[PDB]
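Here's a solo chain for you in structure tokens, the form deposited in one PDB entry.
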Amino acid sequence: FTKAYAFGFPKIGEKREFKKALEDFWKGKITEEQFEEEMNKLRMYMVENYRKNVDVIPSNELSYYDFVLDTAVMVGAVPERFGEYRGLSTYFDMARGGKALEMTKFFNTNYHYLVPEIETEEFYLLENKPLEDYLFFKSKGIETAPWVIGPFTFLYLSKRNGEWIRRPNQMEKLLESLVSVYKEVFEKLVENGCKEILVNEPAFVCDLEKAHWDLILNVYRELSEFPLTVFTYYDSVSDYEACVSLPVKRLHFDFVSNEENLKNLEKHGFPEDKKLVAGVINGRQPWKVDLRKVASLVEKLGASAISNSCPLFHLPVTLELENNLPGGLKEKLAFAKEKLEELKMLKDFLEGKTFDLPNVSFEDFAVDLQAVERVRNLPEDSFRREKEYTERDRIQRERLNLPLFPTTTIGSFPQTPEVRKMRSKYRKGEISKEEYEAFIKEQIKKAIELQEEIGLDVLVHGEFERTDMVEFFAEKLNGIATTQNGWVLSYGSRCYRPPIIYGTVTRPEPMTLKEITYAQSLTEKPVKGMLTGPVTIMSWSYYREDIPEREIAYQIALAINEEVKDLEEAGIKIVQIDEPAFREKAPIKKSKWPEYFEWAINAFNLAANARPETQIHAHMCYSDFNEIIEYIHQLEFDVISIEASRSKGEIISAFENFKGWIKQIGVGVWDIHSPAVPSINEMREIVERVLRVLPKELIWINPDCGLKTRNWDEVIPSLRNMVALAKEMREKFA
């Protein structure tokens, strides 16, 4: 007998029923009851999928917005500003709206959670959702195992006084009070018959201190009386010996995303006092695996229980109706529903119930020898611009003849319902491409004119033809495929359909040329080329595992570089390469950062390798540059724009203190996440802070980020004040 486990199965339903229900409720289209009944169908849909494939069925997985927020509600972490928790009404105020909690990335994944704000040092059992959901399935005669966020990881994901609660001294006191509530929750589940509880402590995979592990042993020592199974994933655990020594009867490890866990089990063994749960089915990638090989690994591991490596909610629900993918691909793929089915076949195999497992051995599958070699043979000169910055700067400044404190925008412009509708019609064939492109050139023509009237120095074409900064390029790249229903939960009710890099990436034809070229031909001021970095394109989509990441990134980098060259040949003087994944795709363990940035930097520069006369701009959304400034300094851009409105310029600190800094900085002086219009006096404060040490010739004035989420009547005013501020500054220093 091989006990099979599974967790994180998508909650969105096969037709985004979850999305429709959430939004129907917020609109007031359905009652809270109808909403609840809709959620209950999803519960049954999820539970029946588990029932048909694994032995342990999870409960408490259908979060109405976020499971970390759910955890916060359970332990009473509800900030004073929300008043008395009334229920769903209060819950959704914490999740969305003007008083909502902060939203941030859940580890190195594309899912986003809500950061709890701990205002009091004492926790209490406010609502026992684990017990609720448990009983619900019990009504249906289904025994389930509550899925919960462990106490350590909960605190690790939360903030106090706006700061991470990640230091042992910061957690100690809190942990004692907190564990108490978990103790109540667990004691109530066991009283009602709960036989097993799934605890998630993914934070165990972060670069922890021996001091953290003393705390962890402490916490779980107080919970040893309960039937707990601990899960860890996304990377190897920071201290193997300490972790397997925890007083828990069963431990789960991620044996897919890292090779460290295996080597440690091989070196130190595994305690015969507990049971190993081998997470051997990838939960972040969509590929079929040779189950024969996975089977031998399980035997090697000595485990008698299996499961997916990490949560399955990073994958689409099912591959069943994906019948329009490139030839041969579908046979190599496998989504959430298929992974579940993979654990069943693995279970039957190991138990000797079946002696036949599928082939799955794609190797020479969709490969372009010419392009693969064309990348592997790249000379050192491929990652370095012909001339150092100082020289490129003079050439560029003479070619652009820009005034002091020039102004510009980061990229996307608001897309009124009219352009939003037109894209729909086009997508549905309700319009002719010939007429669609004509509609775009119309929005572009209008945008260019509006920018000149306002007084901007460097213009952008608006990006009206782009919905997603990755999807747009992914759809024009060979070796990449797009699904029809592969929706993955990004956060709340927002879903993304990540592309699939299944083969050697190459760019068969110009991707943005017509739009840029057109916009430039409407004015004499410079218009920015708009490109997405290689790492970001890769990071937002799924990709082949049988080859090193860096290779795939370099392949995409090549494609992007060819585009940069076409832009130069076509006369574009400024090209921007937005690489938000630069820091987001970095390993969870900062200790593994040096290796990663080595090839991330290379990938960016290979793509950004433009002629010296071409000014390269790079936009970084990050709120702090202290921990990556050393890596950023190796990127060969000529201008970097940051978001300085929130910190009111204080974010420039990382740059001031970086001895030798000399590149231009686009100072974001307007928080585009707010509808308000910042005053000239407000933007001025920011620009004055940045001019405290850095030479005034380095400064560019621009908005924090893209404007696609704003309204034209908020943009115009703001842009106008921005230009005005530019003129005032330019008169005080010239």
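Superpose the two forms; the largest set of C-alphas matching within 1.5 Å is the rigid core. A residue's number is simply how far along the shown sequence it sits, counting from 1.
Figure legend: residue 361 is marked as unmodelled in at least a third of the other comparable entries of the protein.
Per the records, residue 222 is modelled in every other compared entry, just as the shown structure includes it, so no third of them leave it out.
Comparing 407 to 415 with 302 to 310, the stretch with the higher mean C-alpha B-factor in the PDB entry is 407 to 415. When 383 to 391 is weighed against 495 to 503, 383 to 391 comes out higher, by mean CA B-factor as recorded in the entry. Per the PDB record, 510 has a higher Cα B-factor than any other of 594, 150, 510, 580. When the Cα B-factors of 70, 697, 38, 704 are read from the PDB record, 38 comes out highest. Split the chain's modelled residues into thirds by C-alpha temperature factor. Residue 44 is in the highest one. Among the modelled residues of its chain, residue 16 has a C-alpha B-factor that falls in the middle third, as given in the PDB entry. Among the modelled residues of the chain, residue 247 sits in the middle third by CA temperature factor in this PDB entry. Among the modelled residues of the chain, residue 605 sits in the lowest third by CA temperature factor in this PDB entry. Looking at the C-alpha B-factors along this chain, the one for residue 238 belongs to the middle third.
FYI, the form deposited with a small molecule bound isn't displayed, but the following is about it.
The stretch in contact with the small molecule in the deposited bound form, judged by heavy atoms within 4.5 Å, is 702 to 710, chosen from 685 to 693, 38 to 46, 702 to 710, 53 to 61. Interface residue remark: residue 530 is counted as part of the site for the small molecule in the deposited bound form, having a heavy atom within 4.5 Å. The small molecule in the deposited bound form comes within 4.5 Å of no heavy atom belonging to residue 649. Although the partner is absent here, residue 538 sits far enough away that none of its heavy atoms falls within 4.5 Å of the small molecule in the deposited bound form. Although the partner is absent here, residue 212 is not a contact residue: none of its heavy atoms lies within 4.5 angstroms of the small molecule in the deposited bound form. Contact with the small molecule in the deposited bound form, defined as a heavy atom within 4.5 Å, holds for exactly one of 318, 128, 412, 443, namely 412. Listed residues 297, 419, 400, 621 were compared with the small molecule in the deposited bound form; 621 is the one with a heavy atom within 4.5 Å. Of the residues checked (98, 141, 429, 660), the rigid-core alignment between this form and the one not shown shows a Cα shift of at least 2 Å for 429 alone.
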